[PDB]
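Structure first, commentary second.
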Amino acid sequence: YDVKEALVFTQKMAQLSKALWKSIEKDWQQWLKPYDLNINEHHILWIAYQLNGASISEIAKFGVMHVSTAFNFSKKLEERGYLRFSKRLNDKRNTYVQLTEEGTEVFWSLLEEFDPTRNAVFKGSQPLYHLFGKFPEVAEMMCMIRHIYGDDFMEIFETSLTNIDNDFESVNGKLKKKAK
Amino acid sequence: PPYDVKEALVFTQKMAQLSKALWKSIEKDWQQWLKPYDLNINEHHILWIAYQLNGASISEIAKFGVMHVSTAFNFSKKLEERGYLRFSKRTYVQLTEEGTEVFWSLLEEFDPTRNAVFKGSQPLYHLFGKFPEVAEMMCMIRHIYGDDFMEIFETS
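Protein chains in written order, with the entry's author numbering: chain B, 8 to 187; chain A, 6 to 95, 102 to 167.
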C-alpha cells in the first residue's frame, strides 16, 4: 500500500462515518425524546423484539456496545417496567431479556410514530431511490462491516422485518398495529 | 405508492446499524492513535480542520467537525489552554508552533495496519485495485450536509 493513499482513505472514511452516524443519532434521539428512552435502551428493546428475547451477549454484539453497557441499560429498563430477565435451562451461560407488556406497548407506540419524511438519512437517499428503483444497497460499506465484525453480526439483517411485517400495516405512509 | 413505509423502516434501521458499527470501529482506532497525546477525538479533529483550512472559524470547526458550535468552542478553548491553538482575527482559530508539531507527530505515527477499516477494506482493494469509492454513502452525506461540507474532501 501507499501510506499517503492509505491516509486519504482512512480520513475520508472517518469523516463520512462521523457525519452519517451523528446525523442518525440526532434523528434517533428526536424520535425518542417524548419517551425518555435513550438510544441504547431503544436498541435493546428493538433487539429483544426482533429475536423474541435476547441474551446480554446478543444485545452487546448487535447493539455495538460493551456487555456491561448492555447489562446496565437492561437493568434500568427492568426498573422502568419495560423488560424482564429470564434464564433458559438449555443455556446456563446466558442471561436473557424479554419485553414485558408495558415494554411491548412502548415499542409499538414508537413504531407508530416512525415517520420517514423526518429522517435525514431517508431524505438523503431519495435521489438514489428514484434513480435506481430501490434503496441503496451500500454493498461496499456492508463488505467492510462484515470483515470487521464477522458473519455472525450480519445475521441481524435477515430477520429485520419478520415480526414487523406480521404486526403492522402501512396506512398513509405510517405504520399501524394490526390484529396479528 | 412511492415507498412501502415498512421498507423505509428496514432501510433506516439497516443504515443505523451499519453506521454505528462503522463509526464505533473508527472511533476506537482513533482513540488509540491519540492515547500517547491525551487528546480527545474532537480536539484532533479541530486541529485537522484548522490545518486543512489554514485557520478556521468556530462555525467552520462546528460544521466540518460535525459538532455543536458550543462543543467546538469548548474544545478550541481547551486546545488554547494547552498551547496548541491561538484565537485571532482577520474570530478564527490557528495552530501554534507546538500544535503544528503535535499534529505532525501524530501523522508520523499513523499506521494503517492498525486500522480496522483499512484492513476490513483489503479484499475490496485486492479485487478493484483501489480503495472503495463508497459513492452511495458519499451521495447521502452530500444531500444531508450540503456541497459546502463536501469541499473538505477535495483536500486530498
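Every residue gets a Cβ at the ideal spot worked out from N, C-alpha and C, and that includes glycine.
CB contact flag (residue i, residue j, <9 Å)
i                     : j      : result
A/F129                : A/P123 : yes
B/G110                : B/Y89  : yes
B/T169                : B/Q57  : yes
B/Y103                : B/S62  : yes
B/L52                 : B/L106 : yes
residue 96 of chain A : B/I66  : No coordinates are present for residue 96 of chain A, because the numbering of chain A runs from 95 directly to 102.
B/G70                 : B/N47  : yes
A/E120                : A/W38  : yes
A/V145                : B/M161 : no
B/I31                 : A/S30  : no
B/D159                : B/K68  : yes
B/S177                : A/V10  : yes
A/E108                : A/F92  : no
DSSP three-state assignment for residue i, whether helix, strand or coil
i                      : result
A/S62                  : strand
B/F114                 : helix
B/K94                  : coil
residue 225 of chain B : Not covered by the structure: residue 225 of chain B. The range shown for chain B is 8 to 187.
A/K130                 : helix
A/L39                  : coil
A/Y103                 : strand
B/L182                 : strand
A/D159                 : helix
A/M72                  : coil
B/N45                  : coil
A/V15                  : helix
A/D34                  : helix
B/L168                 : coil
A/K141                 : coil
A/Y8                   : coil
B/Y136                 : helix
B/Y56                  : helix
A/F121                 : coil
B/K187                 : coil
Top-ranked residue by Cα proximity to residue i, from the options
i      : options                        : result
A/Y8   : B/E86, B/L182, B/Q37           : B/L182
B/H49  : B/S75, B/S30, B/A26, B/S81     : B/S81
B/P41  : B/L117, B/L27, B/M72, B/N101   : B/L117
A/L27  : A/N126, A/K83, A/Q37           : A/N126
B/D174 : B/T166, B/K29, B/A186          : B/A186
B/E12  : A/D159, A/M161, A/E162, A/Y136 : A/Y136
B/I54  : B/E165, B/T17, B/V178          : B/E165
B/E147 : A/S24, A/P6, A/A77, A/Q18      : A/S24
A/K33  : B/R95, B/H73, B/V178           : B/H73
A/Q18  : B/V178, B/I163, B/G140         : B/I163
B/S64  : B/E85, B/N101, B/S177          : B/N101
B/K184 : B/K99, B/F92, B/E112           : B/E112
### Message
Pairs of beta-carbons, one from the segment 136-153 of chain B and one from the segment 125-144 of chain A, closer than 8 Å: are there three or more?
### Response
Yes: the two stretches touch, three or more of their Cβ pairs being nearer than 8 Å.
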